[PDB]
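> sequence first, structure after, both from an experimental entry:
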Amino acid sequence: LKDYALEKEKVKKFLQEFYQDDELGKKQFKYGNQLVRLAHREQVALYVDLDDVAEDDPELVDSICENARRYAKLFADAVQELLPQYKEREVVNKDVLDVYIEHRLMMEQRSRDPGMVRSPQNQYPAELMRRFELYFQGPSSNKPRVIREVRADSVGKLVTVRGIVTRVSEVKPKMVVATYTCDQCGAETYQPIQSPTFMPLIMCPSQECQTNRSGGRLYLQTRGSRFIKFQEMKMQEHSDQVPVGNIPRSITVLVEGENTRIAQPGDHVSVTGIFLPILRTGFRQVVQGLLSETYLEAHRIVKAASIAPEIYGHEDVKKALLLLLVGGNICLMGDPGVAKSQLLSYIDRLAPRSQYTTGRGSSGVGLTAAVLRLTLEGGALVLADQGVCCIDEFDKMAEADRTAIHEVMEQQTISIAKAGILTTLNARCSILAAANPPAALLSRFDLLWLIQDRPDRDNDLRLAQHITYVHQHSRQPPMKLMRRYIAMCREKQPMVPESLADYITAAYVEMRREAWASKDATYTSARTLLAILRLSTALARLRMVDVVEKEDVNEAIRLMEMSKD
Amino acid sequence: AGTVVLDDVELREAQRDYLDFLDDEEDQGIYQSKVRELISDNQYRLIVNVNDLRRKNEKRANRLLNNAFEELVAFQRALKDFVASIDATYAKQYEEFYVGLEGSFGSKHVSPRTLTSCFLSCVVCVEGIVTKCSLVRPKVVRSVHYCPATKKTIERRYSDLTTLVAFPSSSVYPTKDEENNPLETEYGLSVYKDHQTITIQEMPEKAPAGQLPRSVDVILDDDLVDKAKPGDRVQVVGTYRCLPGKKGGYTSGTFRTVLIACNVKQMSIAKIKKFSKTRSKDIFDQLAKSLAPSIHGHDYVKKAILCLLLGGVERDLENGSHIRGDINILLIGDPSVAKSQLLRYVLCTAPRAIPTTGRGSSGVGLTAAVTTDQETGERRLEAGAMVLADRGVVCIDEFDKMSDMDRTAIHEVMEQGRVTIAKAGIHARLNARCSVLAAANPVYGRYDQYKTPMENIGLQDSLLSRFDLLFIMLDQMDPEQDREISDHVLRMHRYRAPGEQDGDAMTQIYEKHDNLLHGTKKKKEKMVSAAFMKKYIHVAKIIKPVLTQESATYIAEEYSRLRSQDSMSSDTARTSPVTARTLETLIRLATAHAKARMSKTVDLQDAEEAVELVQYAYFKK
Amino acid sequence: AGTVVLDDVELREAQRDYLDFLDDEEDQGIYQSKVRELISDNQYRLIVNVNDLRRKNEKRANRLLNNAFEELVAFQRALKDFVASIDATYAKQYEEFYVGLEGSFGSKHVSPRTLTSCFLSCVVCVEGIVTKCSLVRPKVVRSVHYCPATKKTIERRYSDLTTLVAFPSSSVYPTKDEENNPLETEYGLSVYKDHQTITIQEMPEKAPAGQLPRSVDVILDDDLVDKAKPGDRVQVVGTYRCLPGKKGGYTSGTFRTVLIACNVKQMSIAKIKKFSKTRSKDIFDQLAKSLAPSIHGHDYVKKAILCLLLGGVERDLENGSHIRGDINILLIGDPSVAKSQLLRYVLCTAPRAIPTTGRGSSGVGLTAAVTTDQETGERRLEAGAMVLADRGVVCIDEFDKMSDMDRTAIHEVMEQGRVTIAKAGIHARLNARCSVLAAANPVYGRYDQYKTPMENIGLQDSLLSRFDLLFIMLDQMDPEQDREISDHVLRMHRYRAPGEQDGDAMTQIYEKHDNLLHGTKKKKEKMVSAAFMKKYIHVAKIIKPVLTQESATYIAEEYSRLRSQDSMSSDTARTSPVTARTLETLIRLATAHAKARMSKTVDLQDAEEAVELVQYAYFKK
DNA sequence: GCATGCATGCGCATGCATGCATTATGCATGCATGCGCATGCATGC
DNA sequence: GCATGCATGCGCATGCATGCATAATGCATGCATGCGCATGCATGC
Ligand SMILES: Nc1ncnc2c1ncn2[C@@H]1O[C@H](COP(=O)(O)OP(=O)(O)O)[C@@H](O)[C@H]1O
Ligand SMILES: Nc1ncnc2c1ncn2[C@@H]1O[C@H](COP(=O)(O)OP(=O)(O)O)[C@@H](O)[C@H]1O
Ligand SMILES: Nc1ncnc2c1ncn2[C@@H]1O[C@H](COP(=O)(O)OP(=O)(O)O)[C@@H](O)[C@H]1O
Ligand SMILES: [Mg+2]
Ligand SMILES: [Mg+2]
Ligand SMILES: [Mg+2]
Ligand SMILES: [Zn+2]
């Protein structure tokens, strides 16, 4: 064991030392600038990398890994001691909490002489005056672990995990230190909290009440108290790491002030945390002794082009898929044996926000939302808000699910009115559907693609060659960039000029006239014109042009013609 | 407590006896290599055969079975001594090691229904199924605290179940110094061990008909935490003890009995190389021929079943795409063509085999379900038949009686091999990679020859495309074929097991020739033994072949030839449509044949065999 | 209790400091040889100078004086470490060793009257007299028991005063087995340590006049059991602590304070060989001359006092007969002849000297007494002045005022040297070998010259025969003798101690010459230093001379000559009768002179000196 | 030497600080299961 | 495809074994010392 004073001094010198890294290509005092910002209310939390510390001392890193909480507290105290040195000016604008801190420090200077004896209980709690939080970043050398294998050997260690989010709690304030005022004195009493539950005090420990033996009684205050942001997270294993025949395991995470509001249900996250237990008191058990429940305390959470190049053919369908991803509802009907499911899988993997449903497995409560112990939790349609949703084997779905899907496509909101639930849910998502061989699809959807397997010898032979190549060389014959391109594209919004309207109008009229000439035609309406306008706007957005052009309209017309034929 | 013991004849003698038991110097014992293996694998417990101990020292075995705790303590002390002797450095890591038990306990082999107070404080063996499991929880053993006021650290030791009875003086968590200075707990320096509780029920197959079941409660310590799961058939060997109730004045006199586990069991080269290298094609030839002597003929179905046993190759790519590697078969035939016998044989031979008939299991019991746990309010997943049979076999008898929705549910398993589950509050993707056997009767009771197979089968094209192979079996009443069948059946009927007296009531690579089971003519050939067959099947399943450039163009050209012959086949009808899945089926069967003969690459002969199978199955007269 | 301590800066640093204190490698320290002496003598405690510790390490001394128990524990641990280091074999015998303290404590030097609560928990030094003592009693430390029913032996450890506070769980004697089988105590295998309690009172000489005394209670452990006795002046160094009262509900708030002793003290070659061998006769010549410069003349009395200091030889024979070896003297003289000065000087110089005047002590307080102890009802013996002065000196001033019965009592001591005591229930023979000085005034105030000495002395012949020597001193008023006396007295009066300023208020073998204390004429001779004189006297008292054949016949013939001259001495009277004791006196004085000059045998010159002394003392003009 | 004085000595009562002996009953909590309700799935015709 | 049946499913009440919380007073014993008694020692005259 080593004395904490020496390591505290080492921490202080490490914070004062580093000059190395700068983004603009120079040598910049990073931690000094961070501390100067911390001096005032220009930064309310600080993150420390354990890769930068590894340059000078690895034993510090190991001791931090095995005894993380103590080192977190030591770091907090060291930074708090360093703060007065770097301070250069008073606060330009301050809020209520700063007003208490300043007033308390001012009267502490007013009253306390340097020589008088002060009881250990007479000091201010450290965390009450402090207003900055310290968190750690996991070592790059350290390998992320699996939820299944963290056990009693890992209690108290520093770990890094990767998982899928399933449950998130709404933000609520959590008590840190409670403040009490006596009934017959001007003194203030502070009660730190480090337990799930606590018992409020009654009598006043202040010196004046003790000397007079007045028996004054304490009262809580909320303004003087310190509160923090608190969230609760549920994570599960990836399907890849589950052993044979088992079921994914779950873990619970707790989230602090600035880390709050980072993750959403359904996201894949990487969490740097400390593995700590909770002493459990409750119903009696078989085995005597001290049992506990484990949980994780987080300190950092981190979340034309070729589309599905493995699948041969369907180039126009791929262009339509690109347009749907870029944005301004697509349905595919095909014979069995044509890979429609794999296109939907690729779409789900590519999209940032996406969901993929297979049929009756996610039917009913899997869609819409339900009430659970009370909080309302949404289904796939709710999760895919402002994303893209994918549905396979559409015709096999129950009628209620199809009605809900139609409502989402047309109205873009869901309405639920049943015993215990009365809500309207926002679902601004575009739908891609797959099915096997109706007027509803033609009337409601925007674009339908019919894939018929005509046994042409040349096409079949080329498909066979491509499949053999894929199976043998495990690569197509000769996503991050695509995601970045789509993100940059969606930033702009082109506009339709006044003149082109006439041209568009003419086209529409002529199209309808042809549809009226061909009595075998089925649907033309203003919805088709709206779809054409949306496709042209999407193409103009792809060109990053401010004004809609002729080529976009021609390509949209050609795509609609190809789909209809 | 300052009380100490100076002499104890029984304990010292028992320790000496175990020391002599585990020496293995002047004997053919193996425990030395077992200890070396434990040191190599960083594990900290040993399993010792009870029958071996009884053979070497019967008195010690009798005492251990009759009295458990003290003898087990002596065992653990002897293990500590010998681990220190062989390598004292490794013994520093762990406090104390543990002993497992194994062998035929005899009279103490006891069912959960027959556990009684007569077996208390002894070591018992029990066979059952697991019904309830609990979350893993840590328990404190050694606690460490630090005092910022005085810069002093202290440590407290805990021992609760080490001693039979505990007192309020122990199990007290320290929080304050001698001068009331606060202490700060330091979780890194403390010591914890895992703890779990499970429940075991007598298997419904063994329980008397019409009677309610009986169950036992088991505690799993730090090592055996993850060794059990609900819905599992296990055998547990351990002590049977009473449970001390907490302090009180008046007691009713009824204790709680809990079984403390010590062993948990999941009940279940030159020859191979020479045989494979010498035989090559004859490997699969004999394996197909010697699949099941009890079944007469049907070489194609035997070949297909062997292809299921060997299987294809699972492949993955950069984009996360998944390509199926399993095979699926559907048999349709007239009654009494021994389809169910084939299914039962595949159940017996395959490692992970589950039978699920048509209406025996519904769509929920096939894949999985979600249930709300009343104890906590959370959502939990319960696995179905197909999820349990990961990388295994599911047999479906009377496949035609299955409802449409169940088949739509099975689509997800048959296409991609995964199951997607979702209900508000939880959603998951479970792995269900599996292979399916199915047997379905014709719609008209007996297969009509004149009508095309589409009318007789009565199944949609999508479901047919889901299956890799379709086979049709008929009972042709040829007098010579009937004579052969009668000969075979009566030869099997007249046979009696060797070593059993007549009239009573009730490993070589190649099986020994039998006068009746094989016949005089078959002396020129032999059949492969079942055990070697299983070993070879496992080895072949391990092997990973690769496709060659010679056969890819050949297979592609033949696929194009079939899709063009679609117009040429005018004299006969087609059983199944030809889609993109047919090419994958060709490659899969080629790889299965390449697995049959141990090699490194897929050759042309495997492609030819696959194509022969496809041509036979896909068209009928 | 499983609680343990991992780090403690203060205790570890203090142990390191004591380790460096007791190294004595790069220093002139002696403690290594002290430890070797302890190992040689089988003793198990050490005495360390406090001033030495303060010189080497002042902070440790300050902490030890201010805080005792923890620092003493650290000392004992360091002793165990170094005893193990030097010789680990010897450290096995004893559990833990102990530390004594010595040196000038300074402010903490405290009288029993000035002990206060301010010195609690510190190490204090106290000077006092012993008044009450108790019987030695054993105390159990480690207990061992055996069970004939199960043939098992157990051991229990006890620690009562090792810990500050004890609880009912400890200090319980085991009597039954876990199955109620009786246990048999085996006293041989157990461990016991002795225990005693004494009481100390402030000495009456130091207490303020007219005030009642105050006392302290002391506990003596196993080593210091027999180191104290009642009626003894001692100095005790030890801890001053409170006494924990036994359990109760309501407490008055007054503790009992008891001093726990750690040290108990009874307050008190080439040169010698060369001086003796060179001087021979000059040894006793100078010793007689340099006996006391403060006293003028009287060479015969100085010779006699020197003979007392050296003494005779005690002899024993086969039949158990005892022969006296002590000498006794009586001085009678006119007032102001400095008899009391001689008595006081003999008190100062002699090792065991006790003054007992005529009526100051009675016959009971001289020899001994028997008292009935009210606590037990038994009979106990209390020693008197003469029993305490075994092999010592008793000085009796104003011997004439002593009553007759006291002198009859002193007869037993003077003749045989033993005291016989008897009262129904007890009888004993105590040893009282001793020598007596006595000074008595003449009956007529001033010695009458014309009357015979028998009238002036007024003592019976038996008592005179009891004494070895009689001397008569007179104040003759010769002008030159008076001038010499005045010179000597005023020279002594004008003298002042060197190093003391005038007008202020209030080792070499031969003493340095002084201008006034010796004089200019005496430069040709020197006087012997007091310390060397005491050392030589002790060495001479050790030496055991033997009588030669040359002098025995000579002494016998001279004794016969004296007993015949009894008729020849017509011009002078006889002071003392001549009996058989005179011959023993001759031999005794001869042996004393032979002791004066270190040799092996008694020679003729010693006999001649003895006879000169006898002739001078026994007759007067 | 005999007559008298008298400091020492012993046994049983009370007063006062510490110390010793005694000792079941009533109320609260979690596990098991009935009873009313709405959703939802499956099965006919 | 629409009308009906219905095995599954959920939330709040009571009943019953274990388990939890409470909580000074009166009587006995050894140490200190007074008061009556007989023996015995020492001191005069
Ligand atoms: N154009 C294509 N290119 C490559 N592979 C294809 C193509 N069409 C079909 N496949 C293969 O055929 C299989 C089709 O199965 P699936 O997509 O599940 O059919 P469906 O989606 O109609 O149920 C896929 O595994 C895929 O590998
Ligand atoms: N090829 C065959 N070889 C041996 N026995 C056969 C054969 N075909 C039929 N059998 C006999 O006929 C019976 C058929 O029963 P089963 O397998 O239940 O027929 P299915 O499954 O067609 O209803 C079996 O008991 C079997 O002994
Ligand atoms: N021979 C001597 N030498 C020195 N001083 C003497 C001598 N004789 C007598 N004195 C003095 O005379 C005093 C006699 O007092 P002290 O000894 O009490 O006489 P005594 O003992 O005879 O009554 C002493 O103080 C001493 O100083
Ligand atoms: Mg599909
Ligand atoms: Mg059958
Ligand atoms: Mg005198
Ligand atoms: Zn107050």
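Ah, there it is. Numbering: from 1, shown residues only, chains lettered A, B, ... in the order given. Ligands and ions are numbered 1, 2, ... in the order given.

> so how far is residue A:409 from residue B:394?
38 Å (C-beta to C-beta, to the nearest Å). C-betas here are computed from N, CA, C, even on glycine.

> more neighbours: the two, which one.
Per other C-beta atoms under 10 Å in any protein chain shown, whichever of residue B:394 and residue A:409 has more neighbours is residue B:394, with 24 against 19.

> am I right that the more buried one is in contact with residue B:438?
No - using C-beta atoms under 8 Å, residue B:394 is not in contact with residue B:438, being 9.1 Å away.

> hang on, residue A:202 packs against residue A:218?
Yes - counting by C-beta under 8 Å, residue A:202 touches residue A:218, with 6.3 Å between them.

> count of residues packed around the residue lying closest to residue B:448 once chain neighbours are set aside?
In this structure, residue B:448 finds its nearest non-sequential neighbour in residue B:456, 6.0 Å apart by C-beta to C-beta, 6 or more residues apart in numbering or on different chains. Using other C-beta under 10 Å, residue B:456 has 18 neighbouring residues.

> how far away is residue B:456 from chain A?
Taking C-beta to the nearest C-beta, to the nearest Å as the measure, residue B:456 falls 21 Å from chain A.

> roughly how far does that residue sit from residue A:516?
In terms of C-beta to C-beta, residue B:456 sits 48 Å off from residue A:516.

> all helices for the stretch 301-450 of chain B, in order.
Ranges of helices in the stretch 301-450 of chain B, per DSSP state H, counting those that start in this stretch, are B:339-349, B:363-366, B:385-388, B:404-415.

> report the contact partners of residue B:412.
Residues in contact with residue B:412 (C-beta atoms under 8 Å, 6 or more residues apart in numbering or on different chains) are A:358-359, A:361, B:367, B:418-420, B:432.

> 6 Å - rerun?
By C-beta atoms under 6 Å, 6 or more residues apart in numbering or on different chains, the contact set of residue B:412 is A:358, B:419.

> would you turn the helices of the stretch 301-450 of chain B into a markdown table with distance to ligand 2?
As requested, the helices of the stretch 301-450 of chain B are arranged in a markdown table below (distance: least, C-beta to the nearest ligand atom, whole Å):
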| stretch | distance to ligand 2 |
| --- | --- |
| helix B:339-349 | 4 |
| helix B:363-366 | 22 |
| helix B:385-388 | 21 |
| helix B:404-415 | 21 |
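
> mind checking the longest strand of chain A?
Criterion DSSP state E: the longest strand present in chain A is strand A:219-236.

> quick one: the residue lying closest to residue B:527 once chain neighbours are set aside from residue A:562, how far?
Closest residue to residue B:527 apart from its sequence neighbours, by C-beta to C-beta, 6+ apart: residue B:290 at 4.0 Å. Distance from residue B:290 to residue A:562, counting by C-beta to C-beta: 58 Å.

> which of the two has more residues huddled nearby?
Neighbour totals were compared for residue B:290 and residue A:562, and residue B:290 leads with 18 against 14 (other C-beta under 10 Å).

> how about the residues of the stretch 251-400 of chain A near ligand 1?
A:311-313, A:334, A:336-342 (C-beta under 6 Å from any ligand atom).

> quick one: which of those residues is nearest chain B?
residue A:337 (2.9 Å; C-beta to the nearest C-beta).

> the closest one and ligand 3: what is the separation?
Distance, residue A:337 to ligand 3, by C-beta to the nearest ligand atom, to the nearest Å: 146 Å.

> those strands in the stretch 51-200 of chain B, which residues are they?
Ranges of strands in the stretch 51-200 of chain B, per DSSP state E, counting those that start in this stretch, are B:98-102, B:123-133, B:137-147, B:152-157, B:184-185, B:191-201.

> among those, which is nearest DNA strand E?
Judged by C-beta to the nearest atom of the strand, the one of the strands of the stretch 51-200 of chain B that comes nearest to DNA strand E is strand B:123-133, at 15.3 Å.

> next, the angle from that closest one to strand B:98-102.
On the basis of axes from the mean of the first three to the mean of the last three C-alpha atoms, to 10 degrees, strand B:123-133 is oriented at 100 degrees to strand B:98-102.

> for strand B:123-133, packing partners?
Contact here means 3 or more C-beta pairs under 6 Å, 6 or more residues apart in numbering or on different chains; DSSP states H and E; on that basis strand B:123-133 packs against strand B:191-201, strand B:233-243.

> now tabulate those strands in a markdown table and tack on distance to ligand 3 and mean neighbour count.
Formatted as a markdown table, the helices and strands packed on strand B:123-133 follow (distance: least, C-beta to the nearest ligand atom, whole Å; neighbours: other C-beta atoms under 10 Å in any protein chain shown):
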| stretch | distance to ligand 3 | mean neighbour count |
| --- | --- | --- |
| strand B:191-201 | 87 | 20 |
| strand B:233-243 | 97 | 19 |
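
> which residues in the stretch 201-350 of chain B form strands?
Per DSSP E, counting those that start in this stretch, the stretch 201-350 of chain B carries strands over the ranges B:215-220, B:233-243, B:256-266, B:315-316, B:322-323, B:328-333.

> quick check: which of those strands is buried the most?
When you average the neighbours per residue for each of the strands of the stretch 201-350 of chain B (mean count of other C-beta atoms under 10 Å in any protein chain shown), strand B:328-333 leads with a mean of 22.

> just the CA trace of that strand, in CSV.
Presented in CSV, the C-alpha positions along strand B:328-333 are these (Å, rounded to 0.1, in the frame of the first residue of the first chain):
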residue,chain,number,x,y,z
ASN,B,328,-34.1,-29.6,-45.2
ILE,B,329,-36.0,-32.6,-46.4
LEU,B,330,-39.7,-33.6,-46.8
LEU,B,331,-40.8,-37.2,-47.3
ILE,B,332,-44.3,-38.1,-48.7
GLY,B,333,-45.3,-41.7,-49.0
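
> which helices and strands does that strand pack with?
Using 3+ C-beta pairs under 6 Å, 6+ apart, the elements in contact with strand B:328-333 are strand B:434-440, strand B:469-473.

> residue B:604: which of these is closest?
Smallest distance to residue B:604 across the helices and strands packed on strand B:328-333 (C-beta to C-beta): 21.2 Å, for strand B:469-473.

> and the next helix or strand past that closest one?
Reading on from strand B:469-473 to the C-terminus, the next helix or strand found by DSSP states H and E is helix B:479-494.

> what's in contact with that next one?
Around helix B:479-494, the neighbours that count as contacts under C-beta under 6 Å, 6+ apart are B:296, B:516.

> give me the next element, helix or strand, following it.
helix B:530-542.

> relative to helix B:339-349, how tilted is that following helix?
Put simply, helix B:530-542 runs at 80 degrees to helix B:339-349, going by the same axes, to 10 degrees.

> mind listing what's buried in helix B:530-542?
Of the residues in helix B:530-542, B:532-533, B:536-537, B:540 count as buried by neighbour count, 16 or more other C-beta atoms under 10 Å in any protein chain shown.

> which two of these have the greatest separation?
Farthest pair in these (C-beta to C-beta) is B:532 and B:540. Separation: 12.1 Å.

> now do the contacts for residue 344.
Let's take chain A. Contact analysis of residue A:344 by C-beta under 6 Å, 6+ apart lists A:390, A:392, A:434.

> most distant residue from the centre of the chain?
You didn't pick a chain, so chain A it is. The centre of chain A is farthest from one residue, residue A:212, which by C-alpha atoms, centre = their mean lies 56.7 Å away.

> hm, I was asking about chain B
Computed with C-alpha atoms, centre = their mean, the residue of chain B farthest from its C-alpha average is residue B:179, at 59.9 Å.

> quick check: that residue vs ligand 3, distance?
Per C-beta to the nearest ligand atom, residue B:179 is found 67 Å from ligand 3.

> backbone dihedrals for residue B:455, please?
Here is the backbone geometry of residue B:455 (degrees, to the nearest 10): phi -70, psi -40.

> count of neighbours near the residue of the stretch 451-600 of chain B at minimum distance from chain A?
Going by C-beta to the nearest C-beta, chain A is nearest to residue B:579 of the stretch 451-600 of chain B, at 2.9 Å. Residue B:579 has 20 neighbours, counted by other C-beta under 10 Å.
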